[PDB]
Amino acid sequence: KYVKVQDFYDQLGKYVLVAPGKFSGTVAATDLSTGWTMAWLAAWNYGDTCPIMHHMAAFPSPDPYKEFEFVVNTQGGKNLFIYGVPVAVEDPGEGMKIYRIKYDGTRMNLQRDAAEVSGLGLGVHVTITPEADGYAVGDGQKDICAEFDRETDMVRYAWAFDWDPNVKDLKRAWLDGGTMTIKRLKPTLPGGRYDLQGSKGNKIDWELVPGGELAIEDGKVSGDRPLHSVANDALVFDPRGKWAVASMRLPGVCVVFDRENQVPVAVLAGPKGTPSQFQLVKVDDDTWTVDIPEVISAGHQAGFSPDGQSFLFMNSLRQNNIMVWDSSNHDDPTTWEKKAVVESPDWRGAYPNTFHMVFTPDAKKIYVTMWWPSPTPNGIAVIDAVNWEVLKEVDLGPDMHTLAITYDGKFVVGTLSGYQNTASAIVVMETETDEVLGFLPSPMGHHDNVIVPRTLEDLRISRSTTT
């Protein structure tokens, strides 16, 4: 007549949860079928002076418990001053590192820093290619994103984004529109290397915090080049191959990239009432532009349903909803048209924001995150992806972040992360009747979490297609 916590985990199946801990310094693999941490890694170990450990993604493995590979980045610079911790390192390391890490069935071995190898340092999202032959990072202080080869860790293409405001005052620089340029970067050092590790190429001094467009507008984000920010956040991929979509927060657009031919081919328009798309203009071999008349809202979260037949981009703060296109046509992104929009009283005021999402395998539902600043209950809301409405919402706790799903599609498993100073959990939730089965210790402030995929098809619902 005593309850064994093992009974809990029995129901979860043979999956491996991984997560980085932001100010914690750590990355951690957990075995849901038992409750142990398989392994963990403290990057201070490795002389890293600002081991803000940030986004990660993992390669599909035939047996994750035997071995698997992952990628996880870091932030530095004025990133350390932007949470509520009264940190003491006045002058931190710059981060912007792209670690390569293998769990080999025992432990995690630090393989290298990919930004030393390539010479390109990025510190926001990391995704895996749908072929698992590579991976991608985005970045929001230097506004560059990049697809990298898995073996060589060299950049396959990088794309810089620059904002030229119609009205040259922070106060109107986005609202009153302008023109963004899409700039094909090229190595500048010998052996195909870039010169962009670290705070090198930062337009601003931290990635924007949520509703941070208000902040930079008000002159409150230090950097050399803020009038020039577009704030890239991600680079995600088409389950079907060929395409990748770069996400730009502040001009609320997404730009569709021909990966093999390395060219941009469409710019998807975020805010409800806009067209489907803005017009891509080519200046030369390495420079396109887009004309944005005004910026009604900033965007954040972007990605594809698992069969790629639907593209999503979330409007946040000024508007709060899910903007949705028909990406059905795989041969031609310029034809992707607005298909629906998901609104709800759930999105009450400026907050909550919806920054993260995972689908079900069967592209019928999505679980999406609800973020408030403290103390407002953060939670999950569940999306009917066939009719496009909110089914329900569940309150959970402080500072919701990412979500992942078991590959059998059974349990959702997210990380709540105490605003880097308070309560942090793993949350489990069953897809069947959308009940919160409850929480597991997690003394880390996760901005990322995945479950190790086995198959290429598993990826389609992992950090590849969404963030």
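Start at 1 with the first residue shown and count on from there.
- Averaged over CA atoms, B-factors in the entry run higher in 8-16 than in the other of 8-16 and 444-452.
- Between the stretches 412-420 and 430-438, it is 430-438 that shows the larger average CA temperature factor.
- Considering 197, 315, 127, 327 together, the PDB entry gives 327 the largest C-alpha B factor.
- Within the group 141, 354, 279, 188, the record's highest C-alpha temperature factor is found at 279.
- Annotation for residue 78: C-alpha temperature factor in the middle third relative to the rest of the modelled chain, per the entry.
- Among all modelled residues in its chain, residue 53 ranks in the lowest third by Cα B-factor.
- Among all modelled residues in its chain, residue 241 ranks in the highest third by Cα B-factor.
- In the deposited entry, the Cα temperature factor of residue 284 sits in the top third of values across the chain's modelled residues.
- Ranked by Cα temperature factor within the chain, residue 163 sits in the highest third according to the deposited record.
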